[PDB]
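The structure appears right after this line, and notes come after that.
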2 protein chains.
Amino acid sequence: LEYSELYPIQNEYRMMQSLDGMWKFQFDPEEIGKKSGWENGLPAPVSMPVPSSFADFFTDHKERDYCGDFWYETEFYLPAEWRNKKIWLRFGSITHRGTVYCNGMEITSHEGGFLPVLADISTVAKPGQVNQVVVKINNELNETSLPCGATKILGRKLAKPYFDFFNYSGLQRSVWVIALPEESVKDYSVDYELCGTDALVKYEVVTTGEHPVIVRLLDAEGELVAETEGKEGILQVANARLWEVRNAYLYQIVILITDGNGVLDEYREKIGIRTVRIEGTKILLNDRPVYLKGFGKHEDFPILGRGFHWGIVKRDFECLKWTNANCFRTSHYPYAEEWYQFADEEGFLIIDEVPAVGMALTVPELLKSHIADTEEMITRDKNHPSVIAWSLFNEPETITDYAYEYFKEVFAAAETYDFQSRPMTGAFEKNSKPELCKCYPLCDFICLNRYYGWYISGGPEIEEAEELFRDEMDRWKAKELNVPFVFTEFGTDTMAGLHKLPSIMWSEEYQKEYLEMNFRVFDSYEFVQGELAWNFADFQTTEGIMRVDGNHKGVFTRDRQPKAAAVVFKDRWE
Amino acid sequence: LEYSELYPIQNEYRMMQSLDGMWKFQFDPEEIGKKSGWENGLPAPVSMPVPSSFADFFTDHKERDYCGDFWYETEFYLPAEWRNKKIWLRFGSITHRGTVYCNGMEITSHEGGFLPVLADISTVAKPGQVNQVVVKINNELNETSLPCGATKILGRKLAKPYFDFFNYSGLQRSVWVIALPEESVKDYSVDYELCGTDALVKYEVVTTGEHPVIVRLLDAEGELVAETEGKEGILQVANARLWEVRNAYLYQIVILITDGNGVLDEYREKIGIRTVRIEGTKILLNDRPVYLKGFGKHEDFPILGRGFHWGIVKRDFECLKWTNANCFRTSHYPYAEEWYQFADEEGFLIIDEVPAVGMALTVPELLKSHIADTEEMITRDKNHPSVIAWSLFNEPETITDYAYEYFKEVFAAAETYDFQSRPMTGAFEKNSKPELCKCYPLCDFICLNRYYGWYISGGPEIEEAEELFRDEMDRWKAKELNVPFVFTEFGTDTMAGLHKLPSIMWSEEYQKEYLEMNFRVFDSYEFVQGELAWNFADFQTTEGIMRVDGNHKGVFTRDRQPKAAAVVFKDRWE
């Protein structure tokens, strides 16, 4: 990559300053901003919180549903001391695609709305002065970038997703301006081997120069436990304190660039010594089988939309721990980096998912976008101990040799980017029948999204649903694939407060009964090794006749309170 | 009594015709109806369903909240063949007090809104012609009739209850016109003794004449199992099939009046051979201890108010059976007779409660009203096997010698009216402290209404609540009264759909936790022998700042669906 994905830190060599706050903001329905000098400042802005999705602040439909080009602007004072450092704007994300300007100059553009955007403003930055950043953003959906959809023209544009979740957009994550030394740590990778009571931390370091590198490992108390020299090497850890499920331990890696007797740069990050591998039908963490228990989530909260906030992280993890979960999938896009940092702390397992949802010649361009997002996700997230698997798709077509050749390239790219070569998978929709699917052989383990008892034979037909479920799982069993299966979606829309005896679809009681039936099926097959329910919480969707204020398959409400079924998960996962 | 309480039947000697349907109805705010000939027909009526409470039909406040005099009218054709029978209007109830007119003539008046009103129209009835009935009703509340309250004058009147439940009124139960033979069975009483595998049915019969009486007992198949002669006697039943809790068996008693070789009258009613007695701290049904499990209920349903309907009975009993209940209290007034008939069928136990709720010299008049209601209730309900106890008050003052002398008279009257002398009790409010209460010695067993964890030390103080509860029960225990205790109220207001983690007062989760705490306390005392939760279902109350559309202490919603806590009862009572 032409930039670093490394999370920004502050020390003797690296500086950072937050640009979060109220930005200037303006819609550009006529698409004349770049024609009209907007990159030098917006002509008639309103204020817009950053980080946040813009949609749910407004009281009018056309602003909430805005689709097209729209602009952000802010000003920041740059400390004079940042002079002659490499100065970067770092956006947690820009959703979905955008062009960054600084002091009237075009800096960079990015496609993909859920991963960091880095813009090198070294040559245009004005140390000791007020600087200006302007971002042109677009939130349309197409079939050549992720996530896929269409754009309808009423000249007013309307996003038409091929995915369920609401098309939130804007500057949904924190924005920093940072300063790095001229020769810096750009990237590093760690991989682990367990040796009795000891451990090896294998590493590679990429810098922007040719000076020597020293790598140190500190324990949780900051004590030096290992040290070595070189951009490539092994850190030997005696009596290693392994990072364990729901029982984290984090070391601190310290990467130094040196020039004789002085340090040029120093990067530090918390990491966790752990191994993950698929062995037969088992998922092994540190050589012991683990059964995944948890949820698909979303970045979704009232008013903020996908806007990041530590308070949402904290509540969600307390709820997760209360259910006795150990895992979540980042459905259906990489989350803010902070979610992974916290999962590292709390010992949660993550399946990290690229926004390959909603899946013509456009396909070669789509593949490029999909591979680019995969590269960025893996480079960003590989050193989190929590991240134990990559999900490279959600419910694509998989039953043609055409689909096979496409995903072969994606998986091949993912493999080259992940230093750890940790398990890769994808979530299969029901149409990927065991007799037809061509893509499951690409996977280290198989993830199934199934709604037997909701979309199939729901309600009075739920007994039929269970037989149909068992019939499919019997077909999978007969294949003797010798791989683990994880259910990554299953659930029922459930309106909090809707009670019925006997239960009906949409009642709290039916949600319980549906889950109990699914558990019976899960527990009937030895090779099922994980259950991640859909969804952790009710979340916003495109409005329509099938969505009663978003998706109500949450086990929790949108404001994070338990429906009756939450207790069912709690008791089972205990 | 100057009339029969016997449920109307249809046979060769007795006729009945329903007057249910749309009646004429008119409010009388100026109280001029009797001054203006309304007893001969209402001048400007609207239509009003009977049976029903009138309040919730209207769309305007002043009609819903109407307090004062109001009138009903209907017409009915009397079959010519009813000539020279004793012809009666029979109202299931007239709420709260009223005067019955027929064909322009005043027939009778009644005070008490929850028991049958009989009006002898023999002398004014017109067989083979259309007849007219007009009822003047009043629904004000005072301190000389049950249930007690006040009437506020804004000249518009407003009822101000001393009780929680909404002041529903009108013709809330079915109305019949009936014809009886000139000499008829007016009353009868049965009492049971168990003798090994056999049983004795002791009986008394009251007729309006001097002709001989024969009494027969038929089994559930209609087979003759016993026969005897006389207005007083014993029916000997070999291998009696006892009426059991949740396992009913009903015989049919047949009472004949005879004149040589012909029958003058014949009354039949289903009865159940069972005994109830208090022995030490135990409640014995057929000589075996039973622990009461169930609810206080109400006659309360959307739109109909307290209006009787068999559909409400059926749903409620299915819900009751689903919770594994065996008992309910008729809080806070005798219910429609049909509820008891069905309890007989389903083997449910009933505590039958007079409307002595909401408790000056007015007291001597109040006592007369209270005794009259008690006489009517017991005479009406004594032959139901389901009715195993009389509740003669709900939360009165009991800590003065004054209160003691009052209730001594009530209990004495009840004792003279109940042929079976079955257990008598009353529900005590918390203010009836064990050191102060003078009235608990009058009771065969003690009923406590307690809200430790709701009105006392609720929410964050719930641990304190439990200690306070145990402290009071320890005080009761120290008295060594050697009587059973039944909790007849305990519960929390609970809004369906209100979820919180951790729980808050009013959430579904707090209702569960509150119940679990109460159960722990109950189960800590050997002499506690029953738990009747408040309430079976959410019900209508006077509006106010403490009532969010009525009372929400229901375990079921008003439309009879289970909140989370309903399962807690189900699992415990299984």
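Chains: A, B, ... in order of the structure tokens. Residues: from 1 per chain. Ligands: from 1, in order shown.
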
Exercise. Contacts of residue 77 in chain A at 8 Å or less, counting only C-alpha atoms, minus same-chain residues fewer than 3 places along, as a list in words?
Worked result: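 Here the answer would be residues 127, 128, 129, 130 and 131 of chain A.
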
Problem set entry | Residues flagged strand (DSSP E or B) by DSSP in range 309-427 of chain B, as an MDAnalysis selection string | chainID B and resid 327:329 349:353 357 387:394 424:427

Could the residues in this selection be saved with C-alpha atoms as a PDB file, in the first residue's frame?
ATOM      1  CA  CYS B 327     -57.325 -21.215  42.574  1.00  0.00           C
ATOM      2  CA  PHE B 328     -58.526 -17.668  42.205  1.00  0.00           C
ATOM      3  CA  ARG B 329     -60.027 -15.012  44.463  1.00  0.00           C
ATOM      4  CA  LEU B 349     -60.872 -23.469  43.921  1.00  0.00           C
ATOM      5  CA  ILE B 350     -62.474 -20.085  44.597  1.00  0.00           C
ATOM      6  CA  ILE B 351     -62.238 -17.622  47.432  1.00  0.00           C
ATOM      7  CA  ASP B 352     -65.543 -15.777  47.085  1.00  0.00           C
ATOM      8  CA  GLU B 353     -65.225 -12.123  48.049  1.00  0.00           C
ATOM      9  CA  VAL B 357     -63.290  -2.642  49.804  1.00  0.00           C
ATOM     10  CA  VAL B 387     -66.232 -22.137  46.512  1.00  0.00           C
ATOM     11  CA  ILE B 388     -64.085 -23.193  49.435  1.00  0.00           C
ATOM     12  CA  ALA B 389     -63.804 -19.926  51.355  1.00  0.00           C
ATOM     13  CA  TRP B 390     -65.483 -16.571  51.897  1.00  0.00           C
ATOM     14  CA  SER B 391     -63.451 -13.376  51.909  1.00  0.00           C
ATOM     15  CA  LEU B 392     -65.426 -10.866  53.939  1.00  0.00           C
ATOM     16  CA  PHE B 393     -63.154  -7.866  53.496  1.00  0.00           C
ATOM     17  CA  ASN B 394     -60.237  -6.431  51.541  1.00  0.00           C
ATOM     18  CA  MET B 424     -63.957 -17.489  56.370  1.00  0.00           C
ATOM     19  CA  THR B 425     -61.201 -14.994  55.939  1.00  0.00           C
ATOM     20  CA  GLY B 426     -60.389 -11.486  54.776  1.00  0.00           C
ATOM     21  CA  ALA B 427     -57.427  -9.836  53.064  1.00  0.00           C
TER      22      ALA B 427
END

For this session: Would you kindly report the residues of chain B within 8 Å of chain A, using only C-alpha atoms, as JSON, numbers by chain?
Result: {"B": [496, 497, 498, 499, 500, 501, 561, 562, 563, 564]}

Fewer than 3 positions away in the same chain doesn't count, so skip those; otherwise give me all residues within 9 Å of residue 111 in chain B, counting only C-alpha atoms, as a PDB file with N, CA and C atoms, in the first residue's frame.
ATOM      1  N   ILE B  94     -77.282  -5.227  38.978  1.00  0.00           N
ATOM      2  CA  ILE B  94     -77.613  -3.854  38.615  1.00  0.00           C
ATOM      3  C   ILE B  94     -76.618  -2.987  39.375  1.00  0.00           C
ATOM      4  N   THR B  95     -75.740  -2.278  38.671  1.00  0.00           N
ATOM      5  CA  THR B  95     -74.573  -1.681  39.312  1.00  0.00           C
ATOM      6  C   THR B  95     -74.673  -0.153  39.344  1.00  0.00           C
ATOM      7  N   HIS B  96     -74.715   0.479  40.527  1.00  0.00           N
ATOM      8  CA  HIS B  96     -74.579  -0.151  41.849  1.00  0.00           C
ATOM      9  C   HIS B  96     -75.888  -0.387  42.581  1.00  0.00           C
ATOM     10  N   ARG B  97     -76.882   0.425  42.269  1.00  0.00           N
ATOM     11  CA  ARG B  97     -78.144   0.373  42.979  1.00  0.00           C
ATOM     12  C   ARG B  97     -79.194   0.814  41.986  1.00  0.00           C
ATOM     13  N   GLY B  98     -80.417   0.347  42.164  1.00  0.00           N
ATOM     14  CA  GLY B  98     -81.441   0.688  41.201  1.00  0.00           C
ATOM     15  C   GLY B  98     -82.849   0.353  41.614  1.00  0.00           C
ATOM     16  N   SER B 145     -72.606   1.970  51.655  1.00  0.00           N
ATOM     17  CA  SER B 145     -72.841   0.811  50.786  1.00  0.00           C
ATOM     18  C   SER B 145     -71.503   0.366  50.187  1.00  0.00           C
ATOM     19  N   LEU B 146     -71.450  -0.861  49.671  1.00  0.00           N
ATOM     20  CA  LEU B 146     -70.218  -1.427  49.117  1.00  0.00           C
ATOM     21  C   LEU B 146     -70.233  -1.395  47.585  1.00  0.00           C
ATOM     22  N   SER B 369     -75.456  -2.914  55.107  1.00  0.00           N
ATOM     23  CA  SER B 369     -75.242  -3.169  53.682  1.00  0.00           C
ATOM     24  C   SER B 369     -74.266  -4.316  53.467  1.00  0.00           C
ATOM     25  N   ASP B 373     -75.061  -7.883  51.645  1.00  0.00           N
ATOM     26  CA  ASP B 373     -74.268  -8.408  50.529  1.00  0.00           C
ATOM     27  C   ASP B 373     -73.692  -9.784  50.864  1.00  0.00           C
TER      28      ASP B 373
END

Exercise. What does the distance from CA of residue 23 in chain A to CA of residue 50 in chain A come to in Å, to one decimal?
Worked result: 6.6 Å

For this session: For range 168-181 of chain A, work out the shell of residues within 9 Å, counting only C-alpha atoms and skipping chain neighbours fewer than 5 positions away, then give it as a PyMOL selection string.
Result: chain A and resi 8-10+13-20+49-56+70-72+76+78+82-96+113-114+122+137-139+264-265+304-309+336
